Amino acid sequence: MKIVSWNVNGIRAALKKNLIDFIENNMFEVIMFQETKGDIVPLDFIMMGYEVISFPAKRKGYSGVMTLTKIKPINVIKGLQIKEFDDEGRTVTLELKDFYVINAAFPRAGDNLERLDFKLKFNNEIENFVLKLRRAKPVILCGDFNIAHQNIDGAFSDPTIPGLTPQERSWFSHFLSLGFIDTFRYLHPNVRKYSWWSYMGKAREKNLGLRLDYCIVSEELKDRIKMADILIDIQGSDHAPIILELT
């Protein structure tokens, strides 16, 4: 009912207090982490009453995803059944009663776009994965998309900048056209708000950022959308957590 997604690649050492306080100050039913590292350990959350679903990255230099839930899942699906993506620990899915909830860490295309084809293949595989699940139940897809969909999401398209490429932006538009709703943009059609800022310099203080994190729902869940936001005051990573509340 309250669903949170956060790329926590920066949470470490004393910054761990940011995350623990964030979880304990709230009553989130489902919490989805991307890029989980050392200071994020399942024991922290089991003590709070969460079931912890982990999908570590086997590959060197990569961090998988982790989902916390107070709602006992009917089924858990780790990965997409595609080895080059699952070896990087990029998707975790819970089957709940009313819907599937996918925790996705989309690949970054690279600052030389050296992983762009890899990203576009991921887009198609998660698209097909979502469409298979949707035959049975509606789908909620949250996570770090590493895409700034439209100009209002932070920048003009630029064929040289990862997350702003025409191919990445075009896929996002295509995906929505299949019958999916960007929940923050649905509730706030014209609000410019970001979920990522560079670690370096004054970027976050100056709000020089991009919206890269989304919760997207099947169109069947439209009338369940009650609240959606980016919690930009929550510190500790270069991403801020996002939230989706359902009726």
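Just count from 1 along the sequence shown to find any residue number.
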- Mean B factor on CA atoms, stretches 24-32 and 174-182, record says higher is 24-32
- Message: On mean Cα temperature factor in this entry, is 233-241 or 7-15 the higher one?
- Response: 7-15
- Among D153, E114, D98, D144 - the residue whose C-alpha B-factor is largest in the record: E114
- Task: Go through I71, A109, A105, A148 one by one and give the residue whose Cα B-factor in the PDB entry is largest.
- Result: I71
- Task: Taking the values exactly as deposited, rank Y194 by C-alpha B-factor within its chain and report the matching third: lowest, middle or highest.
- Result: lowest
- Query: Once the chain's modelled residues are ordered by C-alpha B factor and cut into thirds, is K58 in the lowest, middle or highest one?
  - Reply: highest
- Query: Considering only modelled residues of the same chain, in which third does the CA B-factor of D44 rank: lowest, middle or highest?
  - Reply: highest
- Item | Entry-reported Cα temperature factor of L94, expressed as the chain third it lands in | middle
- Note on the structure: Tertile call for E220 (CA temperature factor, within chain, third-based) is the middle
